[PDB]
Structure formats: C-alpha cells, structure tokens
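Quick one: this structure, given as structure tokens, is what I'll be asking you about.
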Amino acid sequence: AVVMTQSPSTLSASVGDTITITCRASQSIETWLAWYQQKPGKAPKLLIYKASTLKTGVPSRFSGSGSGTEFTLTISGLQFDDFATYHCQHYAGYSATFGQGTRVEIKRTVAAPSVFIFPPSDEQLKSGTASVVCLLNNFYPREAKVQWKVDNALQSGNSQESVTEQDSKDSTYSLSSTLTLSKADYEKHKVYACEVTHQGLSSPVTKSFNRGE
Amino acid sequence: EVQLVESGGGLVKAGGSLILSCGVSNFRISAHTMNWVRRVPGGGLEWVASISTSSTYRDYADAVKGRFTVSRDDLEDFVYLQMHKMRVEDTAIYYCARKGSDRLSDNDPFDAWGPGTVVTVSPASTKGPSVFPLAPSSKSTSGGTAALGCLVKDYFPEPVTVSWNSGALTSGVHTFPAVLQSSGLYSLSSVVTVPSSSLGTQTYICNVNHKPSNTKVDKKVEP
Ligand SMILES: CO[C@H]1O[C@H]([C@H](C)O)[C@@H](O)[C@H](O)[C@@H]1O
Ligand SMILES: [Cl-]
Ligand SMILES: [Cl-]
Ligand SMILES: [Cl-]
Ligand SMILES: [Cl-]
Ligand SMILES: [Cl-]
Ligand SMILES: [Cl-]
Ligand SMILES: [Cl-]
Ligand SMILES: [Cl-]
Ligand SMILES: [Cl-]
Ligand SMILES: [Cl-]
Ligand SMILES: [Cl-]
C-alpha cells in the first residue's frame, strides 16, 4: 500500500546543469529509498540506497536526500553519461514499489515532425502482404500521435510504432508507424492516410495516397 | 481424482529455450519422485528427467543431459523443466508423471500422468530478412526534402545492420529499433532524407547485413 510518486516524468536539460528529481511516498518510509539509473535495453543500476548512501563506484555528482515522505535525487553538473531514466524505489523486507521513472533528455526548441508516407512495394505485394509506412521525422518533444485511416475508417490493432533515441546532433526524435495488411485487405480500399498530431503542429497533418495511383 | 497439468509449450526455434511447469490436484508431490516423459511423433515414449524427494537426485536421458534442468517446489506443489539449446528431435508431447503406487515402495511405476503439452522445435535457428524499397515520391516530400528507405522484414534473431551506398551516405540516416511481430520475426525500416533535387542525380542502395544467418542484401531504391 505504499505508493511512490516521481516528478517530473520527463526532465529536459543541458550538459553542465544541476538537476533535481523528486520522489514522494504516500506514507512515511523512514530512509528506505533507493535510486536506480537505467539506459535503454540495459538493466537498472543501483546508484543510491538508504536515501543518501552512494553505492561504491558512483561519482559524487549524484546525491540523494530526504526522509519520511519526500526524497530528492540531485545531479550536479550533468554529463552525457547521465542522460538516462532514473527510478526511485521503496524497499521493504518482502516487497518493493517503484516510482514511474524520470527520463532525462537534452532540451531544445519545439520542432514539428515532417511527415512522409510510403505505399507497399509492388515486390512485397506479390508475396501477399502490404506494409504501409508513415515516417515522422526530426521532431521534438517525443510525444506524438499517429492514426491510420483507410477510406476514412480509423484503424486499430494492425500497426506498430518504433522511435529513435534522441539525435546526437539536433536533439530530435523520429518515429515510424507501420500498417500491415494482407494483400486481399489492402486491395479492398482506396485511400490510405497517416494523420499526425504533435505540439509543433497547429492542427494535425495528414499524408495520404490512393492505392495504385 | 488425482490430476496433473503441464503448462508452457508451443513453438521454439532450434537453439532456443522453453520452460515447462507441472501443477497437481488432490495430492502433495513431496512424497513422490516426479518425472518428465515425452511422446515423439513416431509414437514411442521417451523418459526425459527424474527428480527425487527433497531434490537429492536429478537424473536425465543421455539425449538431454547438460541442456535440461528439472526442479521442484514441494511447498506449492510444482515441478519445472528448463529446456535449453533445443533441437528438432526435442519435438514431442511432454507429460509430467508421478512415480507411485497404491502403497509406496522403493521402485513404483508411473501411476498418474498429465494430459501433455505440445512442444515443437523448428529446424531453422535463423532466418535472413526480406528487403523492400520505401520509394521516394511526392507523398514522401516535405518542403525541399525527400525521404526514402528500406523495409527490412521477417528476420530472426536480431540484429541486422543497415548502411547506405556502402557507407558513403550517413547524413540524414535513421535506422529504427526492430519490432517483434506477432509472427515471431523481427522487422525494422531504415530511412534517409535527402534534398528533393538530388533524386535522379544518384543511386541509393541500402546494404543490409544479417550476421546470424550470414545473409547480405543490397537493395536499390528508386526513383
Ligand atoms: C520415496 O518414494 C518415492 O520415490 C520412490 C523411488 C526412490 O523413486 C518411488 O518408487 C515412490 O513411488 C515415490 O515416488
Ligand atoms: Cl561498472
Ligand atoms: Cl532513456
Ligand atoms: Cl509535412
Ligand atoms: Cl525532415
Ligand atoms: Cl511492424
Ligand atoms: Cl508432437
Ligand atoms: Cl498402481
Ligand atoms: Cl494412470
Ligand atoms: Cl517446424
Ligand atoms: Cl551528419
Ligand atoms: Cl553477414
């Protein structure tokens, strides 16, 4: 029944900044709080336990503070190595609970996605499958919504998204959404549309094509 | 009245792992040596593994030794079979079976059996990708920029690598993280943006390498 609340969920900053991440407990947890760092596709790494004790090997620019119901992770002098997700955790003898994570990224200005759509190749079509690809390129922040419409019927359950890691040169993200249909289903309809919603777009942008034209 | 039930099963690619469990009803496993047995497609039964009370002795068929592990949980009445580095010949129906009799002795038959779970090991440990163009058009133009790419579909396992023009084209390339499809195979796209004015002035070729299957594919993307 202890619930941990982490704030903010995304934190955008620059190299050299000093940043603070907050974790609050729904009831007092003394100093039974840990902080983990996690990079994409890797295991979480313990940084701090008992609220303020650094694990051996952890650089002193990380520091943990707090007790009772309010805890802080401070990173003093952000380095490239520090862009990552940070998780707080209450740990007890026989249970644990985590905060929702804070993803620390590089700050930049809002950038609308450029949107691109690709009909299936004739080669793929021959083999019985139609992959329709919508690309959202070089946008910021990472939050974005893509909806597929086929003859104005909203699609569900038949698309998959992939997103890049933050770009090392322009600090943007890109995203692919791929709609997969059987050749039979693909040939039943005419208009294929990718509709994109993003903070940098005043209204949503739609790229479409007509099958065969 | 006594029942056993296996969980886990299904398809595994050669070289893969799969873990089975066995649960029971109306008896406690603690008193019994527990076994895994399999029925191969030709119809015969093969003893797989045995685990004694308190786990003191674990024994395995020669064919699975070093690849399979049997464990037991006496407090909650479960038996486990870990299967690793799986081979086509592991394809079988797997049963958990109790060694027992009406009055327990030093050597009883298998008096109770689960209904079985089917395990299929496909011969292909790897599968090279199919590569399709993402062709540039007026629908993949934004401002003075065109996008093109390659869809790299239906490979296993990860990873594939993708370059453009044998490494001469790197600016404006994004190769997305692979996605696992419901088919059990991976797919990703690699895209590149270029000035719309450069279309027709050169070729674009994606060079796809799938080390696990020793497959290399070069795909030209036009117009
Ligand atoms: C201890 O008794 C158990 O183990 C015996 C042998 C030693 O496997 C077996 O014959 C019995 O049925 C029972 O499973
Ligand atoms: Cl280390
Ligand atoms: Cl991250
Ligand atoms: Cl656009
Ligand atoms: Cl762009
Ligand atoms: Cl996909
Ligand atoms: Cl079978
Ligand atoms: Cl009997
Ligand atoms: Cl029986
Ligand atoms: Cl098969
Ligand atoms: Cl570059
Ligand atoms: Cl290769």
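Would you mind stating whether A:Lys183 is of a type outside the set (A, V, I, L, M, F, W, C) and out of contact with any strand residue (DSSP E or B) (no Cβ under 8 Å at 6 or more places or on another chain)?
No, not satisfied.
I've got another one for you. Tally time: how many residues in the range B:116-145 are within 16 Å of ligand 7 (Cβ to nearest atom), part of a strand (DSSP E or B) and touching a helix residue (DSSP H, G or I) at 6+ places or on another chain (Cβ under 6 Å)?
Total meeting the criteria: 1.
May I pose another question? For the range B:159-180, enumerate the residues that are more than 16 Å from ligand 12 (Cβ to nearest atom) and either more than 10 Å from every other protein chain (Cβ to nearest Cβ) or in contact (Cβ under 8 Å) with a residue 24 or more places away in the chain (or both).
Listed by number, the residues that qualify are B:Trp164, B:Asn165, B:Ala168, B:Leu169, B:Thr170, B:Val173.
Would you check if B:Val191 is at negative phi and within 16 Å of ligand 5 (Cβ to nearest atom)?
It is true that B:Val191 is at negative phi and within 16 Å of ligand 5 (Cβ to nearest atom).
Among the residues in the range A:135-147, are any within 22 Å of B:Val173 (Cβ to Cβ) and touching a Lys or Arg at 6+ places or on another chain (Cβ under 6 Å)?
yes
Examine the range B:107-125 for a residue that is in contact with a strand residue (DSSP E or B) (Cβ under 8 Å, 6 or more places away or on another chain) and within 10 Å of chain A (Cβ to nearest Cβ), and state whether such a residue exists.
No, that holds for no residue.
Per-residue answers, yes or no, for (1) away from ligand 6 (no atom under 16 Å from the Cβ); (2) surrounded by 15 or more Cβ atoms within 10 Å (Cβ to Cβ); (3) of a type in the set (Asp, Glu):
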| residue | (1), (2), (3) |
| --- | --- |
| A:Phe83 | yes, yes, no |
| A:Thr109 | yes, no, no |
| A:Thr129 | no, yes, no |
| A:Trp148 | no, yes, no |
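Could you tell me which numbered condition A:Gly57 fails, if it satisfies all but one of (1) within 14 Å of chain B (Cβ to nearest Cβ); (2) small (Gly, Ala, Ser); (3) without any contact (Cβ under 8 Å) to a residue 12 or more places away in the chain?
The failed condition is (1).
State which residue is farthest from ligand 9 (Cβ to nearest atom) when the search covers only the range B:80-97 and only residues that are within 15 Å of B:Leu45 (Cβ to Cβ) and assigned to a strand (DSSP E or B).
So, considering only residues that are within 15 Å of B:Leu45 (Cβ to Cβ) and assigned to a strand (DSSP E or B), the one farthest from ligand 9 (Cβ to nearest atom) is B:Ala92.
Now a separate question. So which residues in the range A:166-187 are loosely packed, with under 14 Cβ neighbours inside 10 Å and either within 22 Å of B:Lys153 (Cβ to Cβ) or not assigned by CATH to the domain that holds A:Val132 (or both)?
If the condition is that a residue be loosely packed, with under 14 Cβ neighbours inside 10 Å and either within 22 Å of B:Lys153 (Cβ to Cβ) or not assigned by CATH to the domain that holds A:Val132 (or both), then A:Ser182, A:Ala184, A:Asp185, A:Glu187 are the ones that fit.
Right, here's the next one. Which pairs have Cβ atoms under 6 Å, sit 6 or more apart or on different chains, and link a residue in the range A:32-50 that is of a type in the set (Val, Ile, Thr) to one that is surrounded by fewer than 18 Cβ atoms within 10 Å (Cβ to Cβ)?
A:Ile48/A:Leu54
Restricting attention to strands (runs of 3 or more DSSP E) lying wholly within the range A:69-185, give those where 2 or more residues are touching a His at 6+ places or on another chain (Cβ under 7 Å) and away from every other protein chain (no Cβ under 14 Å).
A:96-98
Which residues, counting only those in the range B:122-147, are closer than 24 Å to A:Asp122 by Cα and aliphatic (A, V, I, L, M)?
B:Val131, B:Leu134, B:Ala135, B:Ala146, B:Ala147 - these are the residues of the range B:122-147 that are closer than 24 Å to A:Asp122 by Cα and aliphatic (A, V, I, L, M).
In the set B:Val37, B:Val12, B:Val64, B:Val48, which member is assigned to a loop (DSSP other than H, G, I, E, B) and not polar (S, T, N, Q)?
From the options B:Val37, B:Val12, B:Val64, B:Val48, the qualifying one is B:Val64.
Considering only the range B:8-48, state which residues are in contact with a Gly (Cβ under 7 Å, 6 or more places away or on another chain) and of a type in the set (S, T, N, Q).
B:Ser21
Take the range A:13-55 and flag every residue that is touching a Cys at 6+ places or on another chain (Cβ under 7 Å) and within 20 Å of A:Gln79 (Cα to Cα).
Answer for the range A:13-55, where residues must be touching a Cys at 6+ places or on another chain (Cβ under 7 Å) and within 20 Å of A:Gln79 (Cα to Cα): just A:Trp35.
Which number in (1) in contact with a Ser or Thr (Cβ under 8 Å, 6 or more places away or on another chain); (2) within 17 Å of B:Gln82 (Cα to Cα) marks the one condition that B:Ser17 misses?
The single condition B:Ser17 does not satisfy is (1).
Regarding A:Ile106, is this residue in contact with an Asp or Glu (Cβ under 7 Å, 6 or more places away or on another chain) and within 16 Å of ligand 3 (Cβ to nearest atom)?
no
Go through the range B:159-168 and report how many residues are surrounded by fewer than 17 Cβ atoms within 10 Å (Cβ to Cβ) and in a strand (DSSP E or B).
Total satisfying the criteria: 1.
Are there any pairs, at least 6 apart or on different chains, whose C-beta atoms fall under 7 Å, with the first in the range B:146-158 and more than 11 Å from chain A (Cβ to nearest Cβ) and in a strand (DSSP E or B) and the second aromatic (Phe, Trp, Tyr) and more than 16 Å from ligand 4 (Cβ to nearest atom), and if so, which?
From residues that are more than 11 Å from chain A (Cβ to nearest Cβ) and in a strand (DSSP E or B), the pairs are B:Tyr155/B:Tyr186; B:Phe156/B:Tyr186.
Given the criterion within 30 Å of B:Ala14 (Cα to Cα), surrounded by fewer than 15 Cβ atoms within 10 Å (Cβ to Cβ) and within 11 Å of chain A (Cβ to nearest Cβ), identify the matching residue among B:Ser138, B:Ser189, B:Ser183.
The conditions single out B:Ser183.
Moving on. For the range B:131-163, which positions are within 19 Å of B:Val208 (Cα to Cα) and among the polar types (S, T, N, Q)?
Selection gives B:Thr161, B:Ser163.
Numbers and lists here come from the model and the stated rules, or from a named source; nothing here is a laboratory result. Here Cβ is always computed from backbone atoms with ideal geometry, including for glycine, and neighbour counts include all displayed protein chains.
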